[PDB]
Amino acid sequence: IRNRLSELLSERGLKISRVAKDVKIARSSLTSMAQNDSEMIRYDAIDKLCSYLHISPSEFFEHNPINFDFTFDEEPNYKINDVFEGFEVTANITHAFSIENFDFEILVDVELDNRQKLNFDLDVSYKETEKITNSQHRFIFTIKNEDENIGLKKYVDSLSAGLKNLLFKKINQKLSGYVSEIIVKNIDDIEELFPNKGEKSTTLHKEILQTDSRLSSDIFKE
Amino acid sequence: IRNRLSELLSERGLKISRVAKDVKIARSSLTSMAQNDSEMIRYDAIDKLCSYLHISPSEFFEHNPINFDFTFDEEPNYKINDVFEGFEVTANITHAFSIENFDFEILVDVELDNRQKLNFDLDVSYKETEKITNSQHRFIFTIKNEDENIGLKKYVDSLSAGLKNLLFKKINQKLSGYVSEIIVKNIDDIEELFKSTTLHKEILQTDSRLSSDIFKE
Amino acid sequence: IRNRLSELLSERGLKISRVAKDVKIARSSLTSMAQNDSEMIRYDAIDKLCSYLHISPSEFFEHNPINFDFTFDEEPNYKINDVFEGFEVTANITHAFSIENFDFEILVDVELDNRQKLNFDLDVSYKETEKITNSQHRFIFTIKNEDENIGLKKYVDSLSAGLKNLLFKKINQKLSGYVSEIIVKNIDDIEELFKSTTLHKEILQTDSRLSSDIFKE
Amino acid sequence: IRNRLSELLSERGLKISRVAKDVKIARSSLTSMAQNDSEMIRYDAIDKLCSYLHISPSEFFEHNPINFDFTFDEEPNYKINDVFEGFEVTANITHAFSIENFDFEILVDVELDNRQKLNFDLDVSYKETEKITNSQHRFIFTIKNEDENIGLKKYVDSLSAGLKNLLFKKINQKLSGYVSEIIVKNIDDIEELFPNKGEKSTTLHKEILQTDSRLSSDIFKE
């Protein structure tokens, strides 16, 4: 499920600030709720927004009964070589360390409208530490058994594009958090000797937690 | 905005505990959210309920574009009479005191789907005290200018029964807090000594309800 | 899941001690495991029993794919009445107190072999207290909504007699622990002037059993 | 006897973690019980697994009435020369010492379905300290009278492959424990002067106990 605020105001052409001025809702909370990322919503908010946009909650709440629940391995098969390439000198994840391999299993329960639930196992392995910017990097993972989970992809693409993007976000966020958690327990705190361009000094921990690892596979293209 | 989980469960006879077990949600939260009492709802909760009940969020969330806002006079016209006798024998606010007058105007903007909204002013004066329990009494306020609020009644009963009840609950709470704030400041503490509860706490617990043809429920 | 060691021994007339000697297993463990009371079984034990009894583990372990799960209300509807008199003279909880009301719903999921499972809600209220012994009394709870549990009876008696008895034992223990936890907190310990007994301990020892057409044994 | 979990989930293709998520059983305990190594099992576990897999305990419990009980010599004929080749410097069993000879008798009281039990004596002698890895070694033993115990082999191979593997495991484990026990009593504690690659320092004792001696003979091929 997700609110369609982003799609609604894109269609209307209105801006979040403009809506906030109209419905007396805090800009930060409203803009966060505009994104599907927010997990909690207020009844006052749904009343004010549905009235302002003159629309029933039907158009506000995009719901598909297919629920995708994800579970990760308590213990993964992870090897992380430590390369002491002056991380403190240069705040680059590559300089701090490198993932030799990171493979594990993601348990995906694809529940249909009926309680009948289908479980798909994902052998996901670290592939490359993609460098998005000179400042930060994004870890990239890949599903070895993605061809086996072709039915999963059929179910994923069977949803709306907005809901597909919401799943991709959820998967990425869970995976990022998991990977950062494992690495931060495996790698000792490496603080940056020099604050970068007046930005307060940030430790490797802050960098890896900030690091967002998005899975890459034909199962999840967009 | 009206959660129909409660209605839906009455339709299907499903016990709240049964739903909570199936959707792995706390019974307390589910029961609080059942009558749309809680003003916050989790996306996970509604997703799970919709999938479990085989419904679109339309049957869960019932919304009428019409909106009602209520603004109370900053200064009301109130007169107080304190008997100070009898609260000690039995915990009755009326024995302790009563409000001789409490007439005040309450703004009520009934907003149409069109941006234009209609402002209606209702003057409610202290009518009597409802003896809901021998211990708790709820102040009753009657609308004097119901003529100006003839269209109010039409707008109020134009909403669903659940929505009407919601409105009645909100206005009742708001009125109760308003009158309690106004009165507790002018009232001393009396000990029940059945215990020995402070009359202040009795003022806090005592509520008030608008009895009028415009709001019969 | 039903160990038939007990049944098998009754078939062959073999004394538990005789089997324990032949298979070099402790009599205490073998007798505890005989009625499938223990929830842990050693691979060595079952191997030795199967070889000794000339049986496949099929005749030892009887399993019905059907599964029963029981969830009790987090908050039950219970009222307590404490006489406080009599328990001292004679060790009877009845004299010490009794439960005026103890109605609560138990959500029971009977799971079929197919992944789909059937949820049935039974409401059990305090019916009376069973005087099993002049000293120990077991609370009796009757199912009010047995109509919703007509299929529950069919599923229950669809299982083997041993499995039925197993279920009855489990539900009885669970109900007894539930009611004891609920009551001991609202009850004080009475020490008999008369050998001396504590009422809390009596609450712990006192059990409860669901007397209903759905569970007659 | 052994549970057929490994064979069951191999046939199903499911993973232990996937089963654990389904039957609400702890991953570690379930994965251990998936292996035939676990000696204890819970009735709740057998109920949940048999139901999840929709199978009777018949398919869950592979039982063969032929019971193989093993007994070892209280006192063996063992000679262990001590070579002080810097074990503390290099954590290799060869560097710590070397088995001159280790021969003894392994009594096997094989029991058929009937109480009739046949006993087979195994003159087992140390043959070679096989080096599995640069880090650890596996002691290899051999049965001198294996040709005499040809009937024993006939009984061993008369069982299922899974049960045969379970026996091999049991024999190996008992033999390893026995050999490590004898050696640790015969060889003084040699602690490693340097922890190996950040692994906390491990003493010869930990190495020999970790050392797993698997018997090698035509009686037990797989």
# chains A, B, ... in the order shown; residues from 1 in each chain; ligands from 1
>>> calpha_fit_and_write(fixed="chain A", moving="chain D", output="tab-separated table (two decimals) with C-alpha atoms, in the first residue's frame")
chain	number	residue	atom	x	y	z
D	1	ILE	CA	0.00	0.01	-0.01
D	2	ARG	CA	1.11	3.61	-0.48
D	3	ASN	CA	-0.43	7.09	-0.55
D	4	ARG	CA	-0.45	8.54	-4.11
D	5	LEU	CA	0.49	12.07	-3.00
D	6	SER	CA	3.48	12.33	-5.32
D	7	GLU	CA	1.36	11.14	-8.28
D	8	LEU	CA	-1.59	13.29	-7.14
D	9	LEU	CA	0.32	16.60	-6.94
D	10	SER	CA	2.32	15.75	-10.11
D	11	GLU	CA	-1.04	15.46	-11.90
D	12	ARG	CA	-2.32	18.63	-10.22
D	13	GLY	CA	0.98	20.42	-10.79
D	14	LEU	CA	0.84	21.84	-7.24
D	15	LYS	CA	3.91	21.97	-4.93
D	16	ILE	CA	4.13	20.40	-1.42
D	17	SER	CA	4.68	23.87	0.14
D	18	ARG	CA	1.55	25.13	-1.67
D	19	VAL	CA	-0.50	22.17	-0.31
D	20	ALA	CA	0.95	22.68	3.22
D	21	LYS	CA	-0.11	26.37	3.17
D	22	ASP	CA	-3.59	25.16	2.20
D	23	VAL	CA	-4.14	22.25	4.66
D	24	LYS	CA	-2.20	23.64	7.67
D	25	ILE	CA	0.07	20.57	7.81
D	26	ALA	CA	3.79	20.87	8.66
D	27	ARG	CA	5.92	21.07	5.50
D	28	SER	CA	8.48	18.50	6.67
D	29	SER	CA	5.88	15.92	7.69
D	30	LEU	CA	3.73	16.53	4.60
D	31	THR	CA	6.73	16.34	2.19
D	32	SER	CA	7.89	13.13	3.88
D	33	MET	CA	4.34	11.72	3.62
D	34	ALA	CA	4.23	12.90	-0.02
D	35	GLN	CA	7.00	10.31	-0.54
D	36	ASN	CA	5.79	6.69	-0.06
D	37	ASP	CA	8.69	6.27	2.45
D	38	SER	CA	6.61	7.40	5.48
D	39	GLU	CA	5.16	4.31	7.25
D	40	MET	CA	2.68	6.21	9.48
D	41	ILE	CA	-0.17	8.58	8.52
D	42	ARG	CA	-2.71	10.67	10.49
D	43	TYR	CA	-6.47	10.67	10.04
D	44	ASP	CA	-6.43	14.47	10.16
D	45	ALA	CA	-3.92	14.40	7.32
D	46	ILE	CA	-6.02	12.07	5.14
D	47	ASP	CA	-9.15	14.21	5.85
D	48	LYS	CA	-7.44	17.49	4.96
D	49	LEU	CA	-5.69	16.16	1.86
D	50	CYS	CA	-8.71	14.26	0.48
D	51	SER	CA	-10.85	17.41	0.97
D	52	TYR	CA	-8.24	19.82	-0.49
D	53	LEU	CA	-7.80	17.62	-3.57
D	54	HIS	CA	-11.58	17.01	-3.64
D	55	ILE	CA	-10.97	13.23	-3.98
D	56	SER	CA	-12.01	10.05	-2.15
D	57	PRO	CA	-9.31	7.98	-0.32
D	58	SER	CA	-9.61	5.52	-3.26
D	59	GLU	CA	-7.44	7.89	-5.36
D	60	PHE	CA	-5.31	8.69	-2.25
D	61	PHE	CA	-4.46	5.09	-1.24
D	62	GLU	CA	-3.05	2.81	-3.92
D	63	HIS	CA	-3.41	-0.69	-2.48
D	64	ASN	CA	-2.54	-4.03	-4.11
D	65	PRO	CA	-3.41	-7.17	-2.03
D	66	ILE	CA	-0.12	-8.87	-3.02
D	67	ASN	CA	2.04	-8.48	0.13
D	68	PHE	CA	5.84	-8.96	-0.25
D	69	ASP	CA	7.47	-9.79	3.11
D	70	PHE	CA	11.27	-10.05	3.17
D	71	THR	CA	13.50	-11.90	5.64
D	72	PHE	CA	17.33	-12.02	5.65
D	73	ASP	CA	19.90	-14.58	6.82
D	74	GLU	CA	20.74	-14.32	10.55
D	75	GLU	CA	24.27	-15.31	9.56
D	76	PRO	CA	25.48	-14.46	6.04
D	77	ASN	CA	28.44	-15.80	4.04
D	78	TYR	CA	30.46	-12.55	4.21
D	79	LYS	CA	34.21	-11.95	3.76
D	80	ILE	CA	35.45	-8.32	4.09
D	81	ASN	CA	39.22	-7.81	3.56
D	82	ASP	CA	40.56	-4.72	5.40
D	83	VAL	CA	42.77	-2.48	3.19
D	84	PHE	CA	44.29	0.35	5.29
D	85	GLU	CA	44.47	2.85	2.38
D	86	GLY	CA	44.31	6.00	4.56
D	87	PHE	CA	40.53	6.02	5.07
D	88	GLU	CA	41.15	8.69	7.74
D	89	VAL	CA	43.01	10.71	5.04
D	90	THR	CA	40.37	10.19	2.28
D	91	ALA	CA	36.77	9.40	3.30
D	92	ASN	CA	36.25	6.73	0.58
D	93	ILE	CA	34.74	3.29	1.46
D	94	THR	CA	37.24	1.71	-0.99
D	95	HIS	CA	40.11	3.32	1.02
D	96	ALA	CA	38.68	1.92	4.30
D	97	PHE	CA	38.16	-1.72	3.13
D	98	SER	CA	36.75	-3.94	0.37
D	99	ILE	CA	34.15	-6.70	0.25
D	100	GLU	CA	35.81	-9.92	-0.88
D	101	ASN	CA	32.38	-11.54	-1.09
D	102	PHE	CA	28.97	-11.07	0.51
D	103	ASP	CA	26.44	-13.76	-0.40
D	104	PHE	CA	23.34	-14.73	1.61
D	105	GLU	CA	19.72	-15.78	1.26
D	106	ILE	CA	16.75	-13.38	1.08
D	107	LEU	CA	13.42	-15.18	1.71
D	108	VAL	CA	10.36	-13.46	0.15
D	109	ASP	CA	6.95	-14.75	1.35
D	110	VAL	CA	4.79	-13.30	-1.43
D	111	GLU	CA	1.13	-13.41	-0.42
D	112	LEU	CA	-1.79	-13.19	-2.82
D	113	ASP	CA	-5.27	-12.00	-1.91
D	114	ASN	CA	-5.92	-15.48	-0.51
D	115	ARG	CA	-3.84	-16.54	2.55
D	116	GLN	CA	-1.99	-18.83	0.06
D	117	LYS	CA	1.62	-17.53	0.37
D	118	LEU	CA	4.53	-18.40	-2.01
D	119	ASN	CA	8.14	-18.18	-0.69
D	120	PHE	CA	11.03	-17.26	-3.06
D	121	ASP	CA	14.70	-17.74	-2.01
D	122	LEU	CA	17.27	-15.21	-3.36
D	123	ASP	CA	20.97	-16.20	-3.44
D	124	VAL	CA	22.24	-12.58	-3.35
D	125	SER	CA	26.00	-11.95	-3.69
D	126	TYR	CA	28.02	-8.76	-3.56
D	127	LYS	CA	29.16	-7.83	-7.07
D	128	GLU	CA	30.81	-4.40	-7.07
D	129	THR	CA	31.30	-1.35	-4.81
D	130	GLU	CA	29.82	1.13	-7.31
D	131	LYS	CA	31.19	4.65	-6.73
D	132	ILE	CA	28.24	7.04	-7.17
D	133	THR	CA	30.30	10.11	-6.23
D	134	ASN	CA	33.90	10.85	-5.33
D	135	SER	CA	32.52	11.30	-1.79
D	136	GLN	CA	30.29	8.20	-1.32
D	137	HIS	CA	29.83	4.74	-2.94
D	138	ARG	CA	26.83	2.37	-3.33
D	139	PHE	CA	27.37	-1.39	-2.80
D	140	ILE	CA	25.78	-3.39	-5.68
D	141	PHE	CA	24.41	-6.93	-5.11
D	142	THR	CA	23.09	-9.49	-7.62
D	143	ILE	CA	20.70	-12.46	-7.35
D	144	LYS	CA	22.42	-15.70	-8.56
D	145	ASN	CA	19.08	-17.62	-8.60
D	146	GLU	CA	17.11	-14.70	-10.17
D	147	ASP	CA	16.31	-17.00	-13.16
D	148	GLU	CA	14.70	-19.45	-10.66
D	149	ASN	CA	12.73	-16.51	-9.15
D	150	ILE	CA	11.36	-15.60	-12.64
D	151	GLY	CA	7.86	-16.17	-11.16
D	152	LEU	CA	8.70	-13.62	-8.43
D	153	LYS	CA	9.57	-11.08	-11.16
D	154	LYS	CA	6.22	-11.91	-12.86
D	155	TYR	CA	4.51	-11.01	-9.53
D	156	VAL	CA	6.67	-7.85	-9.05
D	157	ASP	CA	5.93	-6.50	-12.53
D	158	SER	CA	2.25	-7.45	-12.03
D	159	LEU	CA	1.95	-4.45	-9.68
D	160	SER	CA	1.69	-0.74	-10.41
D	161	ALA	CA	4.80	1.26	-11.25
D	162	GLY	CA	4.44	3.30	-8.07
D	163	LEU	CA	4.07	0.17	-5.97
D	164	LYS	CA	6.99	-1.40	-7.83
D	165	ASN	CA	9.13	1.62	-6.95
D	166	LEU	CA	7.98	1.40	-3.34
D	167	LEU	CA	9.06	-2.26	-3.20
D	168	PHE	CA	12.42	-1.40	-4.78
D	169	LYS	CA	12.87	1.30	-2.12
D	170	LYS	CA	11.94	-1.08	0.69
D	171	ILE	CA	14.27	-3.80	-0.60
D	172	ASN	CA	17.14	-1.33	-1.08
D	173	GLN	CA	16.63	0.20	2.37
D	174	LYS	CA	16.47	-3.17	4.17
D	175	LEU	CA	19.52	-4.39	2.24
D	176	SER	CA	21.47	-1.19	2.94
D	177	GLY	CA	20.68	-1.36	6.65
D	178	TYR	CA	21.60	-5.06	6.80
D	179	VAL	CA	24.89	-4.60	4.94
D	180	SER	CA	25.87	-1.53	6.94
D	181	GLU	CA	25.03	-3.37	10.19
D	182	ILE	CA	27.20	-6.40	9.25
D	183	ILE	CA	30.13	-4.21	8.06
D	184	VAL	CA	30.03	-1.86	11.07
D	185	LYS	CA	30.26	-4.87	13.40
D	186	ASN	CA	33.11	-6.34	11.26
D	187	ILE	CA	35.13	-3.11	10.68
D	188	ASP	CA	36.71	-1.07	13.54
D	189	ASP	CA	35.82	2.66	13.89
D	190	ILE	CA	38.05	4.61	11.42
D	191	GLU	CA	37.53	8.36	12.16
D	192	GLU	CA	38.51	10.95	9.46
D	193	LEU	CA	41.75	12.75	10.50
D	194	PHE	CA	40.58	15.88	8.58
D	195	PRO	CA	36.97	17.23	8.44
D	196	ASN	CA	36.14	17.29	4.69
D	197	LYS	CA	35.66	20.86	3.31
D	198	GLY	CA	34.42	22.26	6.67
D	199	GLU	CA	31.95	19.34	7.07
D	200	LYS	CA	32.36	18.03	10.65
D	201	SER	CA	34.68	14.96	10.67
D	202	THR	CA	32.66	11.79	9.84
D	203	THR	CA	33.80	8.25	10.87
D	204	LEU	CA	33.82	5.20	8.54
D	205	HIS	CA	30.75	4.06	10.55
D	206	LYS	CA	28.80	7.15	9.47
D	207	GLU	CA	29.96	6.60	5.88
D	208	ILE	CA	28.92	2.90	5.67
D	209	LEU	CA	25.59	3.59	7.38
D	210	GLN	CA	25.13	6.50	4.94
D	211	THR	CA	26.22	4.08	2.16
D	212	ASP	CA	23.02	2.78	0.45
D	213	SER	CA	23.37	-0.68	-1.17
D	214	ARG	CA	20.75	-1.19	-3.91
D	215	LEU	CA	20.30	-4.69	-5.28
D	216	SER	CA	20.64	-5.04	-9.05
D	217	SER	CA	18.85	-7.79	-10.96
D	218	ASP	CA	16.39	-8.28	-13.80
D	219	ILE	CA	13.84	-9.08	-11.08
D	220	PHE	CA	14.01	-5.41	-10.01
D	221	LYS	CA	14.85	-3.19	-13.01
D	222	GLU	CA	13.30	0.19	-12.18
>>> select_by_dssp(residues="chain D", states="strand (DSSP E)", output="PyMOL selection string")
chain D and resi 2-3+40-42+61-62+67-72+77-81+98-111+117-130+138-143+214-215
>>> interface_residues(of="chain B", to="chain A", cutoff="6 Å", atoms="only C-alpha atoms", output="list in words")
residues 1, 39, 40, 41, 42, 43, 47, 51, 58 and 65 of chain B
>>> interface_residues(of="chain C", to="chain B", cutoff="10 Å", atoms="only C-alpha atoms", output="list in words")
residues 71, 72, 73, 74, 75, 105, 106, 107, 108, 109, 119, 120 and 121 of chain C
>>> select_by_dssp(residues="chain B", states="alpha helix (DSSP H)", output="count of residues only")
82
>>> calpha_fit_rmsd(fixed="chain C", moving="chain B")
0.5 Å
>>> residues_around(residues="residue 9 (chain C)", least_positions_apart="3", cutoff="12 Å", atoms="only C-alpha atoms", output="short mmCIF file (atom, residue, chain, number, x, y, z; two decimals) with C-alpha atoms, in the first residue's frame")
data_model
loop_
_atom_site.label_atom_id
_atom_site.label_comp_id
_atom_site.auth_asym_id
_atom_site.auth_seq_id
_atom_site.Cartn_x
_atom_site.Cartn_y
_atom_site.Cartn_z
CA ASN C 3 4.13 -42.04 20.89
CA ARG C 4 2.48 -45.50 20.87
CA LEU C 5 5.19 -47.07 23.09
CA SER C 6 2.47 -47.08 25.79
CA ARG C 12 2.48 -56.96 24.02
CA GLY C 13 1.92 -56.86 27.79
CA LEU C 14 5.54 -55.84 28.18
CA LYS C 15 6.26 -54.14 31.52
CA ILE C 16 8.02 -50.73 31.21
CA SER C 17 10.85 -51.99 33.50
CA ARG C 18 11.37 -55.05 31.23
CA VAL C 19 11.73 -52.83 28.12
CA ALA C 20 14.11 -50.44 29.96
CA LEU C 30 11.12 -44.55 29.44
CA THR C 31 7.99 -44.22 31.66
CA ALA C 34 5.69 -43.82 27.40
CA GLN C 35 2.56 -41.56 27.40
CA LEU C 49 12.81 -49.13 20.76
CA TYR C 52 13.69 -54.00 20.12
CA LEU C 53 10.00 -53.96 19.18
CA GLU C 59 4.16 -47.58 14.72
CA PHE C 60 6.00 -45.51 17.39
#
>>> atom_distance(atom1="CA of residue 55 (chain C)", atom2="CA of residue 164 (chain C)")
23.9 Å
>>> atom_distance(atom1="CA of residue 83 (chain B)", atom2="CA of residue 96 (chain B)")
5.4 Å
